[PDB]
file query_8.cif (mmCIF, C-alpha atoms)
data_target
#
loop_
_atom_site.label_atom_id
_atom_site.label_comp_id
_atom_site.auth_asym_id
_atom_site.auth_seq_id
_atom_site.Cartn_x
_atom_site.Cartn_y
_atom_site.Cartn_z
CA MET A 1 -14.58 58.59 12.46
CA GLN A 2 -11.95 56.15 11.24
CA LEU A 3 -9.96 59.27 10.44
CA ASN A 4 -6.57 57.81 9.73
CA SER A 5 -5.88 54.12 9.92
CA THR A 6 -8.66 53.46 12.33
CA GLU A 7 -10.11 52.64 8.98
CA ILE A 8 -7.42 49.97 8.80
CA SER A 9 -8.59 48.69 12.14
CA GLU A 10 -12.05 49.25 10.81
CA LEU A 11 -10.65 47.47 7.79
CA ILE A 12 -9.22 44.91 10.16
CA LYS A 13 -12.60 44.97 11.86
CA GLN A 14 -14.27 45.14 8.48
CA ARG A 15 -11.89 42.43 7.37
CA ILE A 16 -12.03 40.56 10.64
CA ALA A 17 -15.76 40.31 10.15
CA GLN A 18 -15.45 38.88 6.65
CA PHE A 19 -11.75 38.25 7.03
CA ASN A 20 -11.37 34.53 6.58
CA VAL A 21 -11.18 34.09 2.86
CA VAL A 22 -8.15 35.99 1.64
CA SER A 23 -4.95 34.94 -0.26
CA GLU A 24 -2.98 31.79 -1.15
CA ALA A 25 0.55 30.47 -1.73
CA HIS A 26 3.03 30.41 -4.49
CA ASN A 27 2.83 26.90 -5.92
CA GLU A 28 -0.81 27.23 -4.85
CA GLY A 29 -3.69 28.50 -6.94
CA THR A 30 -6.62 27.29 -9.01
CA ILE A 31 -7.33 26.96 -12.73
CA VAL A 32 -10.25 29.27 -13.29
CA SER A 33 -11.54 28.79 -16.81
CA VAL A 34 -10.20 27.12 -19.89
CA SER A 35 -10.86 25.79 -23.28
CA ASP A 36 -8.81 23.65 -25.61
CA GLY A 37 -6.28 22.53 -23.04
CA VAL A 38 -5.26 26.09 -22.20
CA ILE A 39 -6.35 27.52 -18.90
CA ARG A 40 -7.04 30.74 -17.24
CA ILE A 41 -4.71 30.08 -14.39
CA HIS A 42 -4.12 31.43 -10.94
CA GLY A 43 -1.84 31.15 -7.95
CA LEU A 44 1.73 29.97 -7.67
CA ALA A 45 2.79 33.33 -8.85
CA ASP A 46 6.56 33.75 -8.54
CA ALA A 47 7.76 30.74 -10.46
CA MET A 48 10.56 30.24 -12.95
CA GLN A 49 9.70 30.84 -16.55
CA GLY A 50 8.06 27.69 -17.83
CA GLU A 51 8.69 25.40 -14.89
CA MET A 52 6.92 22.08 -15.18
CA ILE A 53 3.48 22.38 -13.60
CA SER A 54 2.19 19.33 -11.80
CA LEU A 55 -1.24 18.49 -13.05
CA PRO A 56 -3.83 16.35 -11.34
CA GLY A 57 -3.89 12.98 -13.01
CA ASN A 58 -0.46 14.09 -12.51
CA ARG A 59 1.59 15.66 -15.19
CA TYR A 60 3.45 18.88 -15.58
CA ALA A 61 1.63 21.58 -17.49
CA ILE A 62 3.27 23.64 -20.19
CA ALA A 63 3.77 27.23 -19.12
CA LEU A 64 3.43 29.74 -21.92
CA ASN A 65 3.97 33.16 -20.42
CA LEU A 66 3.56 35.28 -17.36
CA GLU A 67 0.88 37.84 -17.87
CA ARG A 68 0.80 40.60 -15.33
CA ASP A 69 -2.79 40.07 -14.25
CA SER A 70 -3.20 36.31 -14.56
CA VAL A 71 -1.92 33.60 -16.79
CA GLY A 72 -2.89 30.28 -18.22
CA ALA A 73 -1.10 27.06 -18.85
CA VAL A 74 -0.62 24.87 -21.85
CA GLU B 1 -7.28 55.42 -15.57
CA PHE B 2 -9.85 55.72 -18.28
CA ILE B 3 -11.31 58.23 -15.85
CA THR B 4 -13.10 59.86 -18.71
CA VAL B 5 -15.40 56.91 -18.38
CA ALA B 6 -16.12 58.54 -15.05
CA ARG B 7 -18.61 60.99 -16.44
CA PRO B 8 -21.81 59.02 -17.09
CA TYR B 9 -21.28 57.49 -13.74
CA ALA B 10 -19.60 60.59 -12.36
CA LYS B 11 -22.18 62.86 -13.96
CA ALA B 12 -25.29 61.17 -12.64
CA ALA B 13 -23.40 61.55 -9.39
CA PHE B 14 -23.61 65.31 -9.08
CA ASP B 15 -27.16 65.09 -10.35
CA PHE B 16 -28.18 62.45 -7.89
CA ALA B 17 -25.95 64.40 -5.54
CA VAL B 18 -27.85 67.48 -6.65
CA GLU B 19 -31.17 65.67 -6.54
CA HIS B 20 -30.31 63.64 -3.48
CA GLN B 21 -28.57 66.72 -2.04
CA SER B 22 -26.37 64.23 -0.27
CA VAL B 23 -23.12 65.87 -1.24
CA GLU B 24 -22.33 66.28 2.40
CA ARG B 25 -23.75 62.78 2.78
CA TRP B 26 -22.77 61.46 -0.63
CA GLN B 27 -19.38 63.02 -0.03
CA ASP B 28 -19.29 60.90 3.06
CA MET B 29 -20.19 57.86 0.99
CA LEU B 30 -17.31 58.59 -1.36
CA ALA B 31 -14.81 59.10 1.41
CA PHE B 32 -15.93 55.80 2.87
CA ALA B 33 -15.73 54.12 -0.48
CA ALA B 34 -12.27 55.15 -1.60
CA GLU B 35 -11.26 54.01 1.81
CA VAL B 36 -12.81 50.61 1.16
CA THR B 37 -11.23 50.37 -2.27
CA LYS B 38 -7.84 51.16 -0.85
CA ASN B 39 -7.72 47.83 0.91
CA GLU B 40 -4.86 45.92 -0.66
CA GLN B 41 -5.09 42.50 0.92
CA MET B 42 -8.68 43.04 0.01
CA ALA B 43 -7.48 44.25 -3.36
CA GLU B 44 -5.85 40.96 -4.21
CA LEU B 45 -9.11 39.37 -3.26
CA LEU B 46 -10.89 42.17 -5.04
CA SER B 47 -10.46 41.00 -8.60
CA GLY B 48 -10.50 37.45 -7.35
CA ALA B 49 -14.11 36.53 -7.94
CA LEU B 50 -16.48 36.16 -10.87
CA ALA B 51 -19.90 36.29 -9.23
CA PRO B 52 -20.89 39.96 -9.04
CA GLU B 53 -23.46 39.25 -6.40
CA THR B 54 -20.69 37.73 -4.31
CA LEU B 55 -18.80 40.99 -4.30
CA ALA B 56 -21.74 43.32 -3.86
CA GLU B 57 -22.55 41.21 -0.86
CA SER B 58 -19.08 40.74 0.56
CA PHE B 59 -17.81 44.21 -0.21
CA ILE B 60 -21.03 45.73 1.05
CA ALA B 61 -20.70 43.21 3.84
CA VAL B 62 -17.46 43.96 5.68
CA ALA B 63 -18.15 47.56 4.68
CA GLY B 64 -19.36 48.93 7.98
CA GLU B 65 -22.68 49.86 6.44
CA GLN B 66 -21.99 53.39 5.40
CA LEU B 67 -23.96 52.35 2.33
CA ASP B 68 -27.10 53.87 0.85
CA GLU B 69 -29.94 52.14 -0.93
CA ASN B 70 -29.49 54.42 -3.91
CA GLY B 71 -25.86 53.50 -3.42
CA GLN B 72 -26.81 49.86 -3.06
CA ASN B 73 -28.82 49.56 -6.26
CA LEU B 74 -26.24 51.92 -7.71
CA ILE B 75 -23.18 50.17 -6.34
CA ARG B 76 -24.88 47.22 -7.94
CA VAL B 77 -24.65 49.35 -11.05
CA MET B 78 -20.86 49.70 -10.80
CA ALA B 79 -20.46 46.00 -10.14
CA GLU B 80 -22.97 45.14 -12.80
CA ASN B 81 -20.80 47.51 -14.72
CA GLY B 82 -17.95 45.41 -13.46
CA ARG B 83 -16.01 48.58 -14.05
CA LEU B 84 -16.15 49.37 -10.36
CA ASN B 85 -12.52 48.39 -9.79
CA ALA B 86 -11.23 51.86 -10.60
CA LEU B 87 -13.99 53.83 -8.86
CA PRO B 88 -11.91 56.04 -6.55
CA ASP B 89 -10.91 58.15 -9.55
CA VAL B 90 -14.40 59.60 -9.56
CA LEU B 91 -13.87 61.18 -6.17
CA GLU B 92 -11.18 63.22 -7.83
CA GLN B 93 -13.74 63.96 -10.46
CA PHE B 94 -16.30 64.31 -7.69
CA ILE B 95 -13.96 66.82 -6.14
CA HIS B 96 -14.02 68.85 -9.31
CA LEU B 97 -17.69 67.93 -9.32
CA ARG B 98 -18.11 69.35 -5.86
CA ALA B 99 -15.55 71.97 -6.79
CA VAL B 100 -17.35 72.79 -9.99
CA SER B 101 -20.27 74.52 -8.36
CA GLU B 102 -18.66 77.32 -6.47
CA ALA B 103 -15.08 76.74 -5.49
CA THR B 104 -11.61 78.06 -5.92
CA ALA B 105 -8.05 77.07 -5.10
CA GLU B 106 -4.56 78.36 -5.87
CA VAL B 107 -1.26 77.51 -7.54
CA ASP B 108 1.80 78.35 -5.48
CA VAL B 109 3.62 81.27 -6.87
CA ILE B 110 7.16 80.18 -6.28
CA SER B 111 6.30 79.01 -2.75
CA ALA B 112 3.12 77.24 -1.65
CA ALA B 113 -0.43 77.08 -2.93
CA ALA B 114 -3.04 78.99 -0.96
CA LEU B 115 -5.93 77.09 -2.53
CA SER B 116 -7.93 80.14 -1.50
CA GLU B 117 -11.57 80.03 -2.45
CA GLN B 118 -11.54 83.04 -4.70
CA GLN B 119 -13.80 82.89 -7.70
CA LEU B 120 -12.67 86.06 -9.49
CA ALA B 121 -9.71 85.29 -11.68
CA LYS B 122 -6.97 87.88 -11.28
CA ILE B 123 -9.41 89.64 -8.98
CA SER B 124 -10.27 87.32 -6.14
CA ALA B 125 -6.84 86.15 -7.14
CA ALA B 126 -5.55 89.71 -6.85
CA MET B 127 -7.39 89.84 -3.54
CA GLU B 128 -5.19 87.00 -2.36
CA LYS B 129 -2.05 88.57 -3.80
CA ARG B 130 -2.62 91.82 -2.02
CA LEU B 131 -3.70 89.67 0.90
CA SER B 132 -0.02 89.05 1.30
CA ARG B 133 0.74 90.11 4.22
CA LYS B 134 1.45 86.54 3.51
CA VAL B 135 4.25 88.42 1.78
CA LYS B 136 6.56 86.94 4.41
CA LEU B 137 7.53 83.52 3.10
CA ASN B 138 10.49 82.77 0.83
CA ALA B 139 9.93 79.04 0.21
CA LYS B 140 12.27 78.85 -2.83
CA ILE B 141 10.52 81.84 -4.45
CA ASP B 142 13.66 83.89 -5.04
CA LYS B 143 15.63 81.12 -6.71
CA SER B 144 12.48 80.58 -8.74
CA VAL B 145 11.64 84.06 -9.99
CA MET B 146 15.24 85.18 -10.18
CA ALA B 147 16.10 81.94 -11.90
CA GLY B 148 13.06 82.17 -14.12
CA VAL B 149 13.56 85.78 -15.05
CA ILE B 150 17.15 84.63 -15.35
CA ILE B 151 15.72 81.94 -17.55
CA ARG B 152 14.01 84.40 -19.85
CA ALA B 153 17.30 86.20 -19.62
CA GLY B 154 19.73 83.53 -20.66
CA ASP B 155 16.93 82.82 -23.09
CA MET B 156 17.65 86.24 -24.54
CA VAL B 157 21.36 85.57 -24.27
CA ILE B 158 20.70 82.68 -26.57
CA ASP B 159 18.64 85.22 -28.46
CA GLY B 160 21.68 87.45 -28.30
#

call {"tool": "encode", "arguments": {"input": "query_8.cif", "output": "structure tokens"}}
result
Amino acid sequence: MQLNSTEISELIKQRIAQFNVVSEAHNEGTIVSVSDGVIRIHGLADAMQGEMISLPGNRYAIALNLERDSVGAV
Amino acid sequence: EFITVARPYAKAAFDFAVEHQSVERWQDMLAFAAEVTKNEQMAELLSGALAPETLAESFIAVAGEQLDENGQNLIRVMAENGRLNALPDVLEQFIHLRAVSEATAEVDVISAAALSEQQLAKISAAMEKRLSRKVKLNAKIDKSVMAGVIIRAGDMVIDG
């Protein structure tokens, strides 16, 4: 079967089939869930500690901390 | 790596595996699965999404259809569990699981591990020992047993 790495191609194949959706950019993400002006927050991963974060209705958003998994903005 | 969490999952496994007698087959399923899990670009995507259905579908979707209905409803368990992220660990468990029944392996003495299937401790073991005739290989053994006896030794020097 896929033995070694044919899986990857299979993966590729497997991917290629479903492939389209994956990834995103630094500076690019989406705010997933929130309450109280603080947001589960995604994308834009590499940034400087507490850089200003352009908001729609544009404003920067206050950046608390970088969690490993995902982080939210103030 | 809760991995202990494996059991209720992992356990029903062998049983289903027992009952389903798939373990050749189920074993296949597991191979396939850990493979699927491994996918890293996928992995980023993998925790991406909230809707469990979405993942059961998409995961199952690109999967290449190695899936089983029991493994569909059941995969649906792991996703419904939401715990599924870590699943590959179970294979290790499953190994032991598979191993558990009748299996044996080996620890290298000073060289390399035969992993011989020998179920009699110190006997089937001894059978392998004698079976050397593999007596040939050095593979760091001498430094090891001389250094380890030497270690007990300097240990006694300290004791001295």

call {"tool": "closest_atom_pairs", "arguments": {"input": "query_8.cif", "of": "chain B", "to": "chain A", "cutoff": "10 Å", "atoms": "all atoms listed in the file", "output": "tab-separated table"}}
result
residue	atom	partner	partner_atom	distance
B:32	CA	A:7	CA	9.0
B:35	CA	A:7	CA	7.4
B:36	CA	A:11	CA	7.6
B:38	CA	A:8	CA	9.7
B:39	CA	A:11	CA	7.5
B:41	CA	A:22	CA	7.2
B:42	CA	A:22	CA	7.3
B:43	CA	A:22	CA	9.7
B:44	CA	A:23	CA	7.3
B:45	CA	A:22	CA	6.0
B:46	CA	A:22	CA	9.5
B:47	CA	A:69	CA	9.6
B:48	CA	A:23	CA	9.3
B:49	CA	A:32	CA	9.8
B:50	CA	A:32	CA	9.6
B:58	CA	A:18	CA	7.3
B:59	CA	A:18	CA	9.0
B:61	CA	A:18	CA	7.4
B:62	CA	A:14	CA	4.4
B:63	CA	A:14	CA	5.9
B:64	CA	A:14	CA	6.4
B:65	CA	A:14	CA	9.9

call {"tool": "atom_distance", "arguments": {"input": "query_8.cif", "atom1": "atom CA of residue A:60", "atom2": "atom CA of residue A:34"}}
result
16.5 Å

call {"tool": "atom_distance", "arguments": {"input": "query_8.cif", "atom1": "atom CA of residue B:12", "atom2": "atom CA of residue B:85"}}
result
18.3 Å

call {"tool": "resolve_selection", "arguments": {"input": "query_8.cif", "expression": "the PyMOL selection byres ((chain B and resi 137-144) around 8)", "output": "list in words"}}
result
residues 109, 110, 111, 112, 134, 135, 136, 145, 146, 147 and 148 of chain B

call {"tool": "atom_distance", "arguments": {"input": "query_8.cif", "atom1": "atom CA of residue B:13", "atom2": "atom CA of residue B:98"}}
result
10.1 Å

call {"tool": "closest_residue", "arguments": {"input": "query_8.cif", "among": "B:18, B:113, B:77, B:67", "to": "residue B:101", "atoms": "all atoms listed in the file"}}
result
B:18

call {"tool": "residues_around", "arguments": {"input": "query_8.cif", "residues": "residue B:117", "least_positions_apart": "2", "cutoff": "8 Å", "atoms": "all atoms listed in the file", "output": "PDB file with C-alpha atoms, in the frame of the given file"}}
result
ATOM      1  CA  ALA B 103     -15.080  76.740  -5.490  1.00  0.00           C
ATOM      2  CA  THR B 104     -11.610  78.060  -5.920  1.00  0.00           C
ATOM      3  CA  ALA B 105      -8.050  77.070  -5.100  1.00  0.00           C
ATOM      4  CA  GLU B 106      -4.560  78.360  -5.870  1.00  0.00           C
ATOM      5  CA  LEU B 115      -5.930  77.090  -2.530  1.00  0.00           C
ATOM      6  CA  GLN B 119     -13.800  82.890  -7.700  1.00  0.00           C
TER       7      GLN B 119
END
